[PDB]
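So here's one chain in two forms, each on its own in structure tokens, numbered structure 1 and structure 2.
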Structure 1
């Protein structure tokens, strides 16, 4: 598709033309993102954090390691870290053992640690200790954004950035909470969508019979899952702390009950790809939402003395940067390119506005301003620009 070519050309996805592919992007074995893609993912994660964690006092941040050592339960599909040092020291003095091959395989899968599969286990590791943070008030949650490792069908390994919220709630109001969370998540995914009808949700049941919901985005080829909500009862919590239960009770209306666990897990890489496909529509432009565009405004120069316009543009760059506006310093070298090519280049990169500064700015302070959505041209006094931009962005956030 042309969209992949645009992303590669404008440094959204790293790697070479040969490496990039749909399956690699979906699985998580792609070489990596470009700076623009990294900034877009950062904006997406910041928006998710703002919508989920900060405004709610029952959600706290937790950090979990990318692996855990120690004894392990056999029968899992995760990545086990084999010890190269031990086998190399053995290679120095290879022993002539006969039967111990399968025994050594059992030993290595019994002792050696393994990588991280999901953020749910790490979050549950902190249940008891974080319960103290709320004086044992049962309804609460823990949120985290982190990378996860998965196997890809010489089994390969793939990385996926995921945002996960684990909610501990009394069994009496579990289902309601689930629905509540579901609704919010869906609306959030629809908040920045140019076509919100393309985000959908469905119902599902575990093999045991536990209820849950799934969130899907209708990609051009077909629907793809981006987030899952699962009601997991209390099996995992009890298994993690066998035997005594007095250290897992939580207070709910002076009634001590064992909480039910709700797992909300949404992957940010596939969500970012979905937003890239959504923003893409005779012009080639990515109408990224203003709150998600990695670079807001493009700044350049026109015709005139280089040393004056450079100083003016540098001052404008500093002023815009001090206020939290991301700018692309295109004035560092006169592109010597027609405005058509420059406009197309900034349209492919999803830049909200383009600012042109020339000696007329020195004369009376008027700068040329070009829009992305309405492709209109305006003349504005320089000192106003900053305020205008802020207001515009704020409006886009509030509507």
Structure 2
């Protein structure tokens, strides 16, 4: 199939990490894979930055929050969650013969009810900060708390731990508008996923219900083998908030116009690792002329491509070319454009191989310097989308690139 080719490419160019047998579909989906290579790290960082800009930057009522990766204190007996234990805790009980016959089997109750657990979701940590974050907006009820972080899930060693980095928003709203807002975000998020997609149709939404009768929406991406969940929206009402703060209800009141109410809680939670994998599959695009254009390339969106520009040299006076390339490299880096220093690699291949390698790496532009660049200051530029060659004066390059990315957001 085409999936094997995509996985092979991602392995060769350090998007993923591990071996062929470790990079199975089940391991990638469950989050029990070895990890991601540097290109994957850059792609995930770009995705997280785009999410943060689209969710937090341009709103006056969304603030950041940080939740600890573990939950300490007593836990309800059950749930099969893991338990954190220190070294010497394995000795101080057995030693001195603490009723060593059978009472240390009832000690399993202590183990269940005293050892902490690893964070399973970001909702609880966000809800834990509701009261103190009410001072920021003087209790203007419609407002959100956002976070991006890693969470742990048990997966059937006999039981392993899957790690998934995900973005969560918790939005407190007046009850009478809770449904309307639920629609709004449902559209808004659905736009964001479609914004960077080459085939936004493969992103779909569906309505769903809880066993308690609570409305919700689910977002799916259509991988070649079927639909997979990537984000969930739940209208949870006020049950969790009331349970977390039993006592005087008035402490939880916020302002809806002129009235004091208890807000409904909307929870949006999306998976960033699965979203990154979805975009990787989308960019590879698994019709006679299209078939005859069998060129391997990852047409990632410019805002998400891990590497923007590739820089290299021709043949001629080496020292002067290297000096000009160093200057251009520093100039491009100092204004926020990531570069691949190809000029620092010896010559081992023709332009065809460099083009193939950079297309597999999804680099927007390839820059080439030569003697004629020293003569007149003109460089050659190749674009990933079309592969056509252009001549451009260096004095403008820094601006042009800054334009190309900046306008890409507004396509």
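In this text, the rigid core denotes the largest set of C-alpha atoms whose superposition between the two forms falls within 1.5 Å. Positions refer to the first chain, counted from 1.
When both forms sit on the same rigid core, the CA shifts between the two structures reach 2 angstroms or more only at 84 out of 225, 84, 103, 240. Once the rigid core is overlaid between the two structures, residue 190 does not reach a Cα shift of 2 Å, moving by less than that. In this overlay on the rigid core, residue 172 has a C-alpha that sits less than 2 Å away from its partner position between the two structures. Structural comparison between the two structures after rigid-core fitting shows the C-alpha of residue 336 displaced 2.1 Å. Comparison between the two structures places the CA of residue 292 0.6 angstrom away from its other position, after core fitting. Taking the core as the reference frame, the CA atom of residue 94 shifts 6.2 angstrom between the two structures.
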